[PDB]
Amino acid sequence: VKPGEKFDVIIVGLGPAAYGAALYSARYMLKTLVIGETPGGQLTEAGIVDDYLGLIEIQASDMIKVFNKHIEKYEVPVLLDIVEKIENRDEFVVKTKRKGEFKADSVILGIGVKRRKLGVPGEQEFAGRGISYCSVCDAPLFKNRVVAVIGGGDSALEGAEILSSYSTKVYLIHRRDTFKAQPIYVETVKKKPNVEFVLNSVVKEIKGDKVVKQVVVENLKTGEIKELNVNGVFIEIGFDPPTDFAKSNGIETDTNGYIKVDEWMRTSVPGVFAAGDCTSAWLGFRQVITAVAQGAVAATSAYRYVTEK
C-alpha cells in the first residue's frame, strides 16, 4: 500500500473486533486496509482462552496467530501504526503517526478501551502469573484455590460471584465502605459462605515467587497493613473509554463515554462504524466472541453504505 490510495474501508485497530471486521470486509470484496498498533489487542495479555467456541483451550498467542492468518488468506493489508485523526470530506482522510494519510469511503473503529491498572508493585511482575483482569474469562482456572478480587463495581461483584463457584475462598477487596455495584449483586455475594469482604482497603503490593502468593493490603481507616495468602488476584477496577478520540473526531459518545452505536454498529457520523469494547453495545460484557461478531456486523453496515453510495 502507498501513502495516499483510497480504500472502500479502513479499519482502525488490530484487536478481535478489527480482525472480525477485516474478515467480513474482505469477503464482501471491499478494498480493505487495517491500521492498528498492537496485533491481537488485549489478547496480548491473556493466557489461555477457552470462551471462544471452536478454539478449545487455545493460547492467546495462538489465537492471535490464527486470526491474523485468517485475514491474510484474503490478503488484507495491515499497517502497524497509530491512527491520529479521521478527517471528514465526500470521502474520509485518515492520518497515521508515521505511515501518512489514506483515503476511504467508510471507516470502522475497533480501538478498544484501556483497562485501569492499580499501579502497585508486583502488578506487572506477575501479570499472567496469578494476575488477571477478567473474572468471567479466568475464573475456571482457579477451582479450589484462594483468590482476591479488587474493586467495588458491577464487574468486581459479578467477578466475586463467579469466582465463589470455583474458588475455595474469595476476598473482595474494595477501598470504600460502600459499593457502586448494583445492590442486588452486593446482597447476593455477601450471602456466599466462601466470600470475605475486605472493605476500606487497598492493595499496596502483590508478592510471590514464580507466581502470585500474597496480596498486601492497607486498611485506609486504621492504617493497618496485613498480608493475605492468595493464588490469584483479579483486578476489576474499570476501564477508560476512548472518549477523547471520539470527541476529537466528532463522534458521539453515550452517557458512559463509549462510542455511541445503534444495533447495526453505526456511529453518529454517516459512513463511520464501530465494533468491540470501544462501543456502547453490551457495555460491561467484554469478550472475544462478541467483539468478533460486532466486527462482522460493522463490516456489513459498511458494505451496505459503500455499495449504496
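All residue numbers are counted from 1 along the displayed sequence.
Missing coordinates between residue 89 and residue 90 amount to 1 to 3 residues of the deposited sequence. The deposited model assigns a higher average Cα B-factor to 175-183 than to the other stretch when 175-183 and 70-78 are compared. Looking at mean Cα B-factors across 116-124 and 159-167, the upper value is held by 116-124. Per the PDB entry, 46 shows the highest C-alpha temperature factor of the residues 278, 56, 46, 33. When the CA B factors of the chain's modelled residues are split into thirds, the value for residue 271 lands in the lowest one. Among all modelled residues in its chain, residue 65 ranks in the middle third by Cα B-factor. When the CA B factors of the chain's modelled residues are split into thirds, the value for residue 142 lands in the middle one. In the PDB entry, a CA B factor belonging to the lowest third of its chain's modelled residues is recorded for residue 110. Looking at the C-alpha B-factors along this chain, the one for residue 151 belongs to the lowest third.
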